[PDB]
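>>> Requesting a structural model of the entry that follows:
(one chain, ligands or ions: 7)
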Amino acid sequence: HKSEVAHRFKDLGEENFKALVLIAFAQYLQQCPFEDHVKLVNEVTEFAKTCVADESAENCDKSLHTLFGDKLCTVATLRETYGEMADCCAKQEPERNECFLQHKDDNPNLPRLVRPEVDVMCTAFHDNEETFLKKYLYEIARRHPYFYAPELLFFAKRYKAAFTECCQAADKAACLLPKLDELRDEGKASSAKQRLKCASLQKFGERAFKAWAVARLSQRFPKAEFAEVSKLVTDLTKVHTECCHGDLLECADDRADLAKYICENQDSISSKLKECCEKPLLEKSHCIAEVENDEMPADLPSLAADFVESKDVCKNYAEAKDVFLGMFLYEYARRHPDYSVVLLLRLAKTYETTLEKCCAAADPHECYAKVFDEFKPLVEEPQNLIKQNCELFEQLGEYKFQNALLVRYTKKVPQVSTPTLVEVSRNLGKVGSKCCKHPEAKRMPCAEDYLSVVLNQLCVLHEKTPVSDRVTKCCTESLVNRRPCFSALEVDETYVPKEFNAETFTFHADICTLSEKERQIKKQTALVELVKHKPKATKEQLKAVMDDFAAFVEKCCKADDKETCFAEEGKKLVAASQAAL
Ligand SMILES: O=C(O)[C@](F)(OC(F)(F)C(F)(F)C(F)(F)F)C(F)(F)F
Ligand SMILES: O=C(O)[C@](F)(OC(F)(F)C(F)(F)C(F)(F)F)C(F)(F)F
Ligand SMILES: CCCCCCCCCCCCCC(=O)O
Ligand SMILES: CCCCCCCCCCCCCC(=O)O
Ligand SMILES: CCCCCCCCCCCCCC(=O)O
Ligand SMILES: CCCCCCCCCCCCCC(=O)O
Ligand SMILES: [Br-]
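Numbering: from 1, shown residues only. Ligands and ions are numbered 1, 2, ... in the order given. Coordinates below:
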């Protein structure tokens, strides 16, 4: 096509084009005001319309990379505001585009966004909806400059739907606030997930990424042949490498080309792609990544024929070790969508270690005859953990389950800050809430999706502020051994009980006026501090103190005089608690 800008406008549509141009500029000019960005979008949009009317109009034949760079270099305050970045304007393309990619700021030093009152939000949405939504699209994009632009737009459309339905309801807040809390949690997870994959591609390697992909794609597309899975995996690895380099237009085109191939080869891939493949180009790649797993071929044979019995195991392996191990992973994963990818990789590393030892031993066939038995323990450990934890959750409920986790983790690593302990424990209790609702066959995959991001954030915080070598060890082990390591941590036998401090256990009536959330965190912060002072306390002993405290609040929160109840009846609860322990 002669005009890329015209081709994108016609393909995306005016509304979507204007929103993506706003996000693109906001992620590079993170310190320019919203009104400045609106003017840029309108200037690029009117030029695009000139090219849609006549593709041979001036500058309509230029690259979108050249047009983006030219506009960035027209900003008059560029040097004074961004310094080094302005020096990219002295370079020619393609060196200027690479220079801009290298000078984007990951940490904008900006104040946190404060959720306004519902009525203020709903009044703003009504009087000027586009302004309200684009202002917040700008605020988020400047704060998250590496978040894939098309996905941020998909979240904005979700936010629009929440405000449209809730701002005209009877209890707006009861409708909207639970939705904004869900969208925020989903957005933070996607950001962390996007950055984690790129950091993994560099730390663990391309071979490692490809094993992960073979396993996941064989679970989603079980009827596809190994060679189609191997093709999609080779292509998916190229898209991830480009996307992780940072260029949005290059990432979007690679992703779209792969979507086009998948949709032109559905009969050779999956029966669940019909609707994703009818959707517009902007949403096709996203839809495919969320597609449900296809049913597997009804009768599939045992894996022992080709992987244990056949006399040609060591021969087929030596011919191409990674192809053979990939075929094993493909065959095991297609049959086990109920497993985590990391479990399937543990089973693959066990077969590889076994073949490496037995294929060079006096008698190989006998040496590896019982390999499938080495897989049973690896499968039951994660399976039992899921059942045990999902059972304890059902008997307790989210908050109490979170509190059961709090005591467990505080005793395992008591050096961790009380705030870090409370958040991690609350987050993990949420994974259990959501995943334990899914059925047994989707629980382990659910847990992996969320634990991957919960644990890496924990390991990121620990790198910055290290406190335990045992956490460092688990955080610096093979990613296949990360969760098993954390789960194997035992109660710290070396920790010295923290010294008592009355204030930490001093409570006021301000608690009765707090939200459920703020009140839960206050109590949980105190439970952490209790276990830190009395780490040898038994579950019978702690339940007693917790039962006594609970009875204290309800009472002093119901007493004609409260400020005194909390003070007097609180000096007794503490002294009796100290004695029981
Ligand atoms: O396979 C793993 O090791 C895994 F990471 O954890 C786990 F199995 F889900 C688990 F063990 F944490 C539990 F408790 F949730 F089962 C997951 F999530 F990848 F499966
Ligand atoms: O695996 C564990 O021991 C772990 F505690 O997670 C967990 F137990 F699986 C869980 F409780 F978070 C749940 F809900 F997923 F089951 C942790 F911290 F190691 F990941
Ligand atoms: C990501 C695109 C968002 C555009 C619309 C956002 C509207 C919600 C504003 C209030 C949310 C503030 C952040 C929060 O939920 O804590
Ligand atoms: C695309 C087909 C072959 C490419 C990838 C197959 C590699 C086999 C993985 C065996 C090692 C698993 C452990 C790991 O890398 O994390
Ligand atoms: C000059 C500003 C250019 C901004 C245009 C950005 C276009 C990105 C949208 C590409 C469509 C998404 C493709 C995909 O992810 O499958
Ligand atoms: C060493 C003296 C400790 C003071 C006693 C108060 C400790 C209770 C804090 C945790 C309460 C648990 C909350 C709950 O069960 O709902
Ligand atoms: Br910490």
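
>>> The closest residue to ligand 3 within the stretch 301-450 of the chain: how many residues sit nearby?
Closest approach of the stretch 301-450 of the chain to ligand 3 (Cβ to the nearest ligand atom) occurs at residue 423, with a separation of 15.4 Å. Where C-beta positions appear, they are placed from N, C-alpha and C, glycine not excepted. By the criterion of other Cβ atoms under 10 Å, residue 423 has 17 neighbours.

>>> helix or strand for it, which one?
Per DSSP states H and E, residue 423 falls inside helix 418-435.

>>> Just the buried residues of that helix, please?
When burial is assessed from 16 or more other Cβ atoms under 10 Å, helix 418-435 yields the following buried residues: 418, 420-429, 431-432, 435.

>>> and what of stretch 220-235?
So stretch 220-235, judged by 16+ other Cβ under 10 Å, has buried residues 220, 221, 222, 224, 226, 228, 229, 230, 231, 232, 233, 235.

>>> tell me which of the residues you listed is nearest to ligand 1?
Distances from ligand 1 to the buried residues of stretch 220-235, taken by Cβ to the nearest ligand atom, are shortest for residue 220, at 16.2 Å.

>>> quick revisit: can you lay out the buried residues of stretch 220-235 as TSV showing secondary structure and distance to ligand 6?
Converted to TSV, the buried residues of stretch 220-235 look like this (DSSP: H, G, I helix; E, B strand; the rest coil; distance: Cβ to the nearest ligand atom, whole Å):
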residue	secondary structure	distance to ligand 6
220	helix	42
221	coil	47
222	coil	46
224	coil	51
226	helix	54
228	helix	54
229	helix	50
230	helix	53
231	helix	55
232	helix	50
233	helix	49
235	helix	52
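
>>> Quick check: the farthest pair among those residues?
222 and 235 (19.1 Å; Cβ to Cβ).

>>> number of nearby residues for residue 360?
Neighbours around residue 360, by other Cβ under 10 Å: 11.

>>> does it count as helix, strand or coil?
Look at residue 360: counting by DSSP: H, G, I helix; E, B strand; the rest coil, its state is coil.

>>> gap between it and ligand 5?
46 Å (Cβ to the nearest ligand atom, to the nearest Å).

>>> Phi first, then psi, for that residue.
phi -120, psi 20 (degrees, to the nearest 10).

>>> okay, the angle between the longest helix along the chain and helix 418-435?
Using DSSP state H, we find that the single longest helix of the chain is helix 172-203. Calculated by axes from the mean of the first three to the mean of the last three Cα atoms, to 10 degrees, helix 172-203 forms an angle of 100 degrees with helix 418-435.

>>> How about helix 172-203, which residues are buried there?
172, 175-176, 179-180, 187, 189-192, 194-196, 198, 200-201.

>>> Does at least one residue of that helix sit close to ligand 4?
No - applying Cβ under 6 Å from any ligand atom, one finds helix 172-203 separated from ligand 4 by no less than 10.1 Å.

>>> Can you list the helices and strands that that helix packs against?
Helix 172-203 makes packing contacts with helix 118-127, helix 149-166, helix 206-220, helix 226-245, helix 440-464 when contacts are defined by 3 or more Cβ pairs under 8 Å, 6 or more residues apart in numbering; DSSP states H and E.

>>> before we move on, back to that, closest one of the buried residues of helix 418-435 to residue 326?
residue 435 (28.4 Å).

>>> ok, now how distant is the closest one from residue 409?
18 Å (Cβ to Cβ, to the nearest Å).

>>> Let me see the contact set for the nearest residue to residue 471 once chain neighbours are set aside.
Closest residue to residue 471 apart from its sequence neighbours, by Cβ to Cβ, 6 or more residues apart in numbering: residue 462 at 5.1 Å. By Cβ atoms under 8 Å, 6 or more residues apart in numbering, residue 462 lies in contact with 468, 471, 472, 475.

>>> quick one, what contacts the third one?
Contacts here follow Cβ under 8 Å, 6+ apart; on that basis residue 472 touches 462, 466.

>>> show me where the stretch 1-150 of the chain has strands.
In the stretch 1-150 of the chain, no strands are defined using DSSP state E, counting those that start in this stretch.

>>> For it, give the residue positioned nearest to ligand 1.
For the stretch 1-150 of the chain, Cβ to the nearest ligand atom, closest residue to ligand 1: residue 148, 24.0 Å.

>>> That residue reaches residue 247, doesn't it?
No - using Cβ atoms under 8 Å, residue 148 is not in contact with residue 247; the gap is 11.9 Å.

>>> Have a look at those two and say which one is more surrounded.
Set residue 148 next to residue 247 and count neighbours by other Cβ under 10 Å: residue 148 wins out with 20 against 16.

>>> Now for the nearest residue to residue 529 once chain neighbours are set aside, how many residues are close by?
Nearest non-adjacent residue to residue 529, counting by Cβ to Cβ, 6+ apart: residue 504, 4.9 Å away. If you count neighbours by other Cβ under 10 Å, residue 504 ends up with 16.

>>> State the distance from residue 504 to residue 443.
Distance from residue 504 to residue 443, by Cβ to Cβ: 37 Å.

>>> Looking at the helices and strands packed on helix 172-203, spot the one closest to residue 355.
Here helix 206-220 is closest among these (Cβ to Cβ), at 15.4 Å.

>>> Can you spell out which helices and strands pack onto that closest one?
Checking 3+ Cβ pairs under 8 Å, 6+ apart, helix 206-220 ends up next to helix 172-203, helix 226-245, helix 321-335, helix 341-358.

>>> ok now it, how far from the chain's centre?
From the chain centre to the centre of helix 206-220 is a distance of 18 Å (Cα atoms, centre = their mean, to the nearest Å).

>>> now stretch 351-371
38 Å.

>>> The longest helix of the chain close to ligand 3?
Yes - Helix 172-203 lies within reach of ligand 3 by Cβ under 6 Å from any ligand atom, at 180, 184.
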